[PDB]
Structures are given as C-alpha cells and as structure tokens.
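Please read the structure below before turning to the comments.
For the numbers below, each heavy atom of this structure counts, side chains included, while hydrogens, waters and symmetry mates do not. Protein chains get the first letters and strands the later ones, always in sequence-line order, with residue 1 at the start of each.
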Amino acid sequence: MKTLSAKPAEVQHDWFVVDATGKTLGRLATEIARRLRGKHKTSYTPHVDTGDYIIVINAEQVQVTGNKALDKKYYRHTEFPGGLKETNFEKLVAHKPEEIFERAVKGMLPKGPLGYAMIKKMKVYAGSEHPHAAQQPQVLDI
Amino acid sequence: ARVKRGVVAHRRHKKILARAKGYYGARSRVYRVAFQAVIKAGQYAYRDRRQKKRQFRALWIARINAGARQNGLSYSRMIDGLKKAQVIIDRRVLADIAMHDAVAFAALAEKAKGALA
Amino acid sequence: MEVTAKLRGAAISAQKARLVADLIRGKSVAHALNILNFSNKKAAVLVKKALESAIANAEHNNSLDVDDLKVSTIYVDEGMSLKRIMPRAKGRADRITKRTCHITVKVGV
Amino acid sequence: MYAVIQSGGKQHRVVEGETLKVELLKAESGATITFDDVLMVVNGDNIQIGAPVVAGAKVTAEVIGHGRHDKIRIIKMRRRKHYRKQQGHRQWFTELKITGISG
Amino acid sequence: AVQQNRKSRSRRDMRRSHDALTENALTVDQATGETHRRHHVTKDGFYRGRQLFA
RNA sequence: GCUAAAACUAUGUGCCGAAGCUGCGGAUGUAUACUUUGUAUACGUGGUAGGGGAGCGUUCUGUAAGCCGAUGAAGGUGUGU
RNA sequence: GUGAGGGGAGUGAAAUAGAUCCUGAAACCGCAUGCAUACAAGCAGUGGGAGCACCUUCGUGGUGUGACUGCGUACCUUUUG
C-alpha cells in the first residue's frame, strides 16, 4: 500500500479567472480540461477529483481559423421523427457562447458521474464581469 | 455394494455456494447460476493480476510528469536526464517522492537538467 | 419480556393478512383494537382474535397492565396448502392451491 | 531521515523503526542484514542522491522471520472446448525491521 | 403474450410498493363517549344526540 | 477539436507502449555430473479429437472379541487452519 | 363460538420429543439489526479505493457495507466460424 491515493476531504480547489479574447477555442479547451481534471498536481488520482475552479470571461470573443466560423455545424435531435435541428458557429457564438465552451470541454472530459461533477467547476460568462469576487480568483494566462 | 451420493454432492454444492456469497439474486442462491459466476470471477482475477501492473505504472508516470512540469521539465526529458546522470531510482519511488517531498524532487530535477546540459 | 400469541392454520393467504399486520405493527393496543374493529378486511377478525388472546395471556399469566401494552412484534408465515382440481375446457385440468397462514403477535410494555 | 534501498528486484523507501516485507531471504531468523548499496539518503535539507550509489551509506535491519502470503486461486477455462485447469499459490516472504540508517 | 424471462423478486416488490392500507376516520361522539366512525351512527343507534331505537 | 497543424514530404533527438526479453522468489518433465542417496547443471512446461502417466474421495469384506464413543457416534449448521 | 388455535400449570432425561409427533438439509416466503441507494444507461463480476457501524491485543488489525474509478457481450451442444 506504499502508493497512496488522494483523499477527497483533504483536496483543495483553487480559483482562477481566464480571458478568452483572441485565443483559439480548442487549444484553450485542452488546457481547461487538464486543469479541471487535475493532471497538473502531483496528487492526481484517476478516481478522485483534484482539479481547480476555472472562470472564463469574454467568452463570445473566442476565435476559430479558416472558414470554420461559417462552416462549423452544431446539430441536435429531438426524439420526434424528422426532428434534426442545425446551427453554425457564428450564430451560436452570438447567441449562447456558454454552450460553445460547454460542448468543447465536455467533449474532452471523461464521461460519467466524475466527469459531470468535474465540469461543474467551470463558469463561463459573455461579459467582462463575473459574480465570484468573493472567492478571490487569480489571473491565469492560458 | 450400493453407494449414495447425497453427502458428497451436498458438500460440493455447499462449498460452491459459500464461495458465491455476496452476489445478486440467483447468483448467490442457485447452484446452476452460482457455479458460472465463480468461474468468471476467477478468469477476471487472472486477467486483472496482469492489468494491475500497467495501471500502477501509468499512475506513477502521470505523477512524475506533474512534478517535472512543476519543476520546468517534461517527463521524457527528465527521464533522459536521469539516465544520463546514471540515477537508477525507479518510477514508483520517484512518484512517492514527488507526492510527499517537493524539495527532494526539485533536487532530482536539478540533477537531471544538469546532466542534460 | 414480551408475551406471545400464535394462531396457526388460518384459512387466508399470508399476502392478504400481512397487509393488516403491517397496518397495526408497532402501535398501542387500544388504537390497534379500534383500527381492527372498524376495518372491513377478513384478516382483521383473525388478527384481532390473536391480539386479544395475547393481551389476555399478558394480563392473566404475567400480571401485567394493559394500559402500557403496545404491539411490540407481529408477523405472518405460510402454512400447509390444500390441493384441488379445477376442470377446464376441452378436458384440460388445472391444479388449485388453497393457502393457509400462521399469525404471531407479541405485546410488551 | 529516510533512505532508499534495493532488495528482491524492487526498491523501497524506509525510515527507522519501520517493518516491511521482502522476497524470501536466506538469512536466519533473528539475524542482522546490512545494505551498503543505498541509492538516496534524505536528512532534512541534506539530500544525497548517489548516481549508482551513495558512498558510505548503510542501512541495517533485523530479520523477524519468514512466512507465506494469503492463498490465490488460478483458473483457466476455454468455453465450448471442454478444457479446464486450477491451482493454488502462496508466495513466500521475509519480514524485516529497519534498525539503523547512516549516511 | 407471455413473459420471456421470469421477473425478479425485487421488481415484484417494487410493483407492490403501492399496496399499503390506510386507516379510517375515527372520532369520539360526545353523547356517549364511545369511539365511532365519523359521520356515522354509533353501533347502539346514537347520532347527534338522538336515539333511533327504543 | 485541429490551419507557420494536432495535415503531407524529408531528417534528428527523446520518450510511451505486450502475458515478447531481463531482474527477484517458487513448482515441475527429460538428459547429464556428483560415478550411492537428491543435490547442481542444460533444455523444456498454449492446446481440440486422441494417446501415456500419477492420485483424491464414496459403499462393503479381512486385519477387528482390536481402537474411539452418553465426560456425547453418525448426520446438520458456523469458525479457524 | 362449550369451534379451531394458543398461553400458564403439570409429566418426562429431553415437549422447536405434544400426537403427519427421531434428525429436520435446499429451493421458496417472513420479521429485526448495520451499511448503501431517488442526475444516472448494458452478462451484474473483477483490479483498485473514500467514508460509515461494530469488535478491538486499538495495529500497517478483524467483521459487515461499498460512494467514485480502469477492464469486461452467460453455459452446453454443433460447427469453417
């Protein structure tokens, strides 16, 4: 038993705030997923959540390359017959950037109860202000 | 010389059921279903005794990588530097040190980058 | 020091009787007696007879006071069944099982 | 202080007063064994990392005894092929108590 | 139409989860003090301070 | 999800990666050496039809007019080994 | 209910030896205690592993339970499969 696993009670979650102006969506999402899962700590345990809280501001300024802004399609099916609905990146970023980040990160996060719990630690806001001043987040450049 | 089977057969079935205890529904109550459950459990144990080494090595590598990137190196570069420096400490001990003592792991990283350069 | 009463061989299904048993489990004797008196189930009469016998045992053989008595325990178990034959159409026969039950009730202060 | 030692093809991190289990050694019960091939010795801020080995380091320990681990059952079965096999196993071990550590 | 598999005891109990009985509404009638069923005549023919029989 | 790529061509250094190989401990078949013994050495030990070898347990007969048993037999139900 | 069925008293070495009466296994069905369980998708286990209750020589212990996690599509027969 000389190798030990992290104890959930002893885990400490630190708060950070990230600005999305001008960055590339996927290359930002990879780092966000890493920090949410806790791969950056020497106490990392696969079955325990050791990540950190990540706030995102200016989410509607996220950028994509090529023609993806027009040609990247988001789908969703209502279980009724013929119920397939479609949208694209520009409209979706104009209307609900939170959904953009949620999709990008949930795709890269594990699928299960632990994944659902881990994704709760991400807060995304379209504006430059966030309501979490009480938690005292620190600026993180990623 | 007529022979009755009851005692021996009952003993065998009882032993199988005793090994089966803790399973759900018919698996822990019915001999036919229970006997299949025990064999599959044995097969899974045979496969997992091998899988365990791989899983623990992967965990050690991940923890070492986290420590190395805190000290400013990647896992591969740190391993190469240690090999050049001729350090023969294994990954299990390196991961334990990384988790429990930051100063010593920092000294090891210093030695590794020194060997690299 | 619970006082026990057993009614063995009641001609009713244990599944049916256990409903009334659960209805009265764990309550005071007076309230349970009122419930049984004002219920319309067949199992209620048998359960009431068993409970009254238990209270009489507690009062007569153990010198206890009924006012402090509650239904401390109760349960129903299956008994021996009777086998019958029901004729069906086209000469086919089916097996009918008539079920019986045992009622156990314990009263304690 | 703590030290790193090699035994039975594996490495262990130990401190004084610790009890550990290693592969079956030939030493007699109650005897003392010394490891002179220490890889690393830490005492507070004094960190010695022997490249192959730290020079002068010595870890001394006493042999409490020998024993066997809990039984393990091996099962092999090939479905639809009429083949089956079983066997038991118990791995031997020697238990050691670390009595001294010197850099 | 008939089942392809035998149901589990757990599922049978889950179906029976709605089988519990309920108590009736019992009250004490002031006229005699005997427990009686609410809004019903007592077993002795008393109701709302009136006696039906003789 | 990815665009001086996380794509393609060429090149270098490192690393991950199997029940493959090495390390530690244990079992076993064959053949050698010690020219007794059971101790070392070398090789080997996936497997259907099928062939060869070695055992566990159950009822009954002799050994048994012996040995265990109401200070508790067989049988049933747990625990430890 | 002058029923059936029980409780006390008494007999007996023994009354869950009380008359479908030696022992009383399994399937199946009750009651009580401890842990888990109402945001999460599949042969129900297996390798890890937090917390809780009890016993503790309080130990790197023992007995129950198992949040979270990697792997993982029953058995026999017949078949190229």
Side-chain angles (χ1 to χ4, degrees), chain A residues 1 5-9 24-27 29-30 45-49 64-66 68 72 103-104 107-108 110 112-114 116-117, chain B residues 1-8 10 13-14 17 23-25 27 29-33 35-37 39-52 54-56 58 61 74-77 79-80 83, chain C residues 3-10 14-15 18 21 25 49-50 53-54 56-58 60-62 73-78 80 102-104, chain D residues 7-10 18-20 22-25 76 78-83 87 89-93, chain E residues 9:
Chain A
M1 281 294 204
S5 51
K7 296 247 216 213
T24 316
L25 176 64
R27 298 181 184 273
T30 47
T45 311
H47 68 86
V48 178
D49 179 1
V64 280
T65 69
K68 282 182 291 201
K72 182 169 198 293
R103 280 163 165 266
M108 305 177 180
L114 195 63
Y116 316 144
Chain B
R2 190 161 172 270
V3 177
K4 282 162 155 167
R5 299 151 36 179
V7 181
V8 170
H10 171 83
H13 279 198
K14 201 154 86 129
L17 284 161
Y23 298 161
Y24 169 72
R27 287 156 176 270
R29 300 166 163 80
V30 174
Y31 171 76
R32 287 183 186 244
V33 179
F35 179 80
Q36 285 172 190
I39 302 297
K40 189 49 142 278
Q43 285 164 301
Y44 281 143
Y46 184 93
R47 170 203 69 171
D48 287 318
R49 275 195 298 277
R50 285 131 182 79
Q51 279 184 2
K52 167 174 193 177
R54 320 177 189 169
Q55 287 177 39
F56 266 94
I61 286 163
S74 71
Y75 162 91
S76 50
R77 285 288 177 229
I79 295 296
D80 202 61
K83 259 189 206 313
Chain C
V3 176
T4 165
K6 278 193 246 210
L7 205 166
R8 293 183 112 269
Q15 184 179 351
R18 284 195 273 237
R25 186 180 282 106
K49 191 184 295 296
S53 194
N57 289 339
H60 180 274
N61 313 340
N62 297 274
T73 314
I74 183 164
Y75 49 85
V76 197
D77 311 86
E78 283 146 347
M80 169 180 37
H102 307 314
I103 301 168
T104 298
Chain D
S7 194
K10 290 166 277 284
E18 203 190 326
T19 325
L20 71 163
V22 298
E23 304 271 7
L24 182 66
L25 289 168
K76 301 182 181 152
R78 190 84 63 196
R79 71 177 155 188
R80 307 184 291 269
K81 306 301 185 173
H82 200 227
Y83 159 87
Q87 82 181 255
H89 181 90
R90 286 192 84 188
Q91 185 85 4
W92 281 93
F93 65 76
Chain E
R9 52 171 66 88

What string of B, S and - do you get for [range] 5' to 3' if you count protein non-hydrogen atoms under 4.0 Å?
range	answer
nucleotides 2-8 of chain G	-BBBBBS
nucleotides 16-24 of chain F	SSSB---BB
nucleotides 73-79 of chain G	-BSSB-B

Search all heavy atoms of [X] against all heavy atoms of [Y] and return the closest pair with its distance.
X	Y	value
C:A14	C:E78	CB-CG, 4.1 Å
C:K6	C:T104	CG-OG1, 3.5 Å
C:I74	C:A21	CG2-O, 3.9 Å
A:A29	A:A104	CB-CB, 4.2 Å

Which nucleotide in [options] has an atom nearest any side-chain atom of [X]:
X	options	answer
A:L25	F:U48, F:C2, G:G49	F:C2
B:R27	G:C43, F:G1, G:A32	G:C43
A:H47	G:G47, G:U69, G:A50	G:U69
B:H10	G:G48, F:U3, F:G76	F:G76
B:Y24	G:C68, G:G45, F:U13	G:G45

Evaluate the stacking of [N] against [M], requiring that the six-membered ring centres lie under 5.5 Å apart and that the ring planes differ by under 30 degrees.
N	M	answer
G:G42	G:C43	no
G:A19	G:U20	no
F:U35	F:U36	no
G:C21	G:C22	no

Next on the checklist: Taking the cut-offs as 6.0 angstrom to the six-membered ring centre and 45 degrees off its axis, would you call B:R32 and B:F35 a cation-pi pair?
Outcome noted: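 Geometry flag: not set, cation outside 6.0 Å or 45°.
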Next on the checklist: Among residues at least two apart in sequence or on other chains, which ones pass ring-ring contact (aromatic ring centres under 6.0 Å, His included) with B:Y23?
Outcome noted: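 Listed in chain order: nothing, the list is empty.
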Checklist entry - What pairs with D:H89 under ring-ring contact (aromatic ring centres under 6.0 Å, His included), at least two apart in sequence or on another chain? => result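 Once residues adjacent in sequence are excluded, D:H89 has no partner under the ring-ring contact (aromatic ring centres under 6.0 Å, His included) criterion.
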Applying the 3.5 Å rule to both hydrogen-bond distances, is there a Watson-Crick or wobble pair between [N] and [M]?
N	M	value
F:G44	F:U11	no
F:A40	F:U32	yes
F:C43	F:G29	yes
F:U13	F:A42	no
F:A7	F:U48	no

Would you please confirm or rule out a distance under 4.0 Å between OP1 or OP2 of [N] and any side-chain N or O of [X]?
X	N	answer
A:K68	F:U3	yes
A:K72	F:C2	no
A:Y116	G:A41	yes
A:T65	F:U3	yes

Look at all strands and tell whether [X] reaches a base, only sugar-phosphate, or nothing, counting heavy atoms closer than 4.0 Å.
X	result
A:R27	base
A:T24	sugar-phosphate
D:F93	nothing

Next on the checklist: If the glycosidic angle sits within 90 degrees of zero it is syn, else anti. Tell me which applies to G:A44.
Outcome noted: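 Nucleotide G:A44 adopts syn.
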Item to check | Value in whole Å for how far the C1' atom of F:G12 lies from CG of B:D80 | outcome: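 Computing the B:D80:CG to F:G12:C1' distance gives 14 Å.
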Item to check | Distance in angstrom units between A:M1 CE and G:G59 P, rounded | outcome: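 Result: 18 Å.
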Checklist entry - Which dot-bracket string describes RNA chain G (Watson-Crick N1-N3 plus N6-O4 or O6-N4, or G-U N1-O2 and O6-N3, all under 3.5 Å; [ ] crossing; | other strand)? => result ............................................(((...(((((.....)))))...)))..........
Next on the checklist: North or south for the sugar of F:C16? Use the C1'-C2'-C3'-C4' sign convention, positive meaning north.
Outcome noted: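 Because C1'-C2'-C3'-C4' is positive here, the pucker of F:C16 counts as north.
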